[PDB]
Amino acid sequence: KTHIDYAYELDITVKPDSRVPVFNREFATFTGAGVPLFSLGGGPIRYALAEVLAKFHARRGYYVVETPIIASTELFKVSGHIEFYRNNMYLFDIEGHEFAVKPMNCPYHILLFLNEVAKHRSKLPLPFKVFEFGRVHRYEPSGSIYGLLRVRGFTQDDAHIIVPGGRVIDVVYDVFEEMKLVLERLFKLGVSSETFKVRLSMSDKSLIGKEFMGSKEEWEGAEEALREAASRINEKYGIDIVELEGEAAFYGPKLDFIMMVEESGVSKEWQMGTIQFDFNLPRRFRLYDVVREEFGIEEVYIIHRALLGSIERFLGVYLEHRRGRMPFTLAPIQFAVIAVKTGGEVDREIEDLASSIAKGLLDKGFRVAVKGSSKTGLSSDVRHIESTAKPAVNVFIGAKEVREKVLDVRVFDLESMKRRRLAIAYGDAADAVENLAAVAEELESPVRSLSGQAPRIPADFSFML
């Protein structure tokens, strides 16, 4: 099982080689290869993620923005390079004039900086930090396309930071803290000396002025910022730091976030976001001038960062590493309510309790699937549900639950990779719903600390079970 299987099973995406009813042709012969089509299970995950990541960044001091999806190629001519980059871009014509489907957000984010400088000059605080849940498109050859990992259109948790020399170490370190918070609290992935690695890619000093552009002062200023931040990371968590001479991009040095994971029992890297310094953009958009003239600042840095990276790619690796198991906030189905019918008259109270709990949870904003089952069918109903829908929380309602007034409630424990059984007492349906909602609130609690609010985007996904 790959993410491709898990994505189809949880109904996060449409499978490109599934046949369209009545047409019998693959969905991909309508949509194009490499264009992931998110489905009904995937919709709420995408809104929820945007919402959490936007609020998380706003609480950490980033200005959240949404930038256009197309642009004149003048925009990408000014940024560079552009005889090269042209080749990864989808271009088109309006009306003689050349336009592109945006392959990156950076130029737009710098325009927004430039617009605020123009209106407010030095009243604008620095560091200036702008975040976007941004939608980018790039040329990928048909043979390069693979599931959700390499695609033609995808989303990034993209940010740009314009930071003076005196605050740059703290900003780098903070982004690391951001990565760690999102991993631990949204995804329930532990970040520590045993699971995480930071990789620095630096210049070769002999080649500054040629394969690495810019001046020595630039490179040393940035490389030292990455070494100091990395040194604080290592001191606080014992996370190990790797440094590669001559691996930087031509426009500045960088840091990569790497999770260490294991098969089965193979040790592997799972590469995530990045902190990329840029010496090209501040020249091409005259940022050095602007910051010197308006703020009197001579040492400033420009930085691209993503915590997850490509969101599709992150979700893909995540589906595989976690075998389809989503954190509660992002689970297509949050509560699966399972009525275990017996044949007898107790079925009426079972069916009323299940139905009422189901409506109550939906009113509270949860994603809920009701499944009718039986004592003899239960075993194979559950097996089907666990192998496919993987609901975050199963609630079993049988004769026993009705007579004892205790729900049988099974939350999936992401660390142990096992269900854990809770016995939740209730007086009546209303009260069962309150108590289930309380459990959910405990499961949403880490996300509330990132973003203030856990998103409730309700749905009745009964038809999936």
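All residue numbers refer to positions in the sequence shown, first residue = 1.
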property: Segment of higher mean CA temperature factor, 13 to 21 or 444 to 452; result: 13 to 21
property: Selected stretch [higher average CA B-factor]: 313 to 321 or 222 to 230; result: 222 to 230
property: Most elevated Cα B-factor in the entry, residues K119, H81, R150, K371; result: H81
property: Most elevated Cα B-factor in the entry, residues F113, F279, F257, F212; result: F212
property: Third of the chain's Cα B-factor distribution that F366 belongs to, per the entry; result: lowest
property: Assigned third (lowest, middle, highest) for the C-alpha B factor of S192; result: middle
property: Chain-wide C-alpha B factor ranking for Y237, given as lowest, middle or highest third; result: highest
property: Third of the chain, ranked by Cα B-factor, where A459 sits; result: lowest
property: Assigned third (lowest, middle, highest) for the C-alpha B factor of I4; result: middle
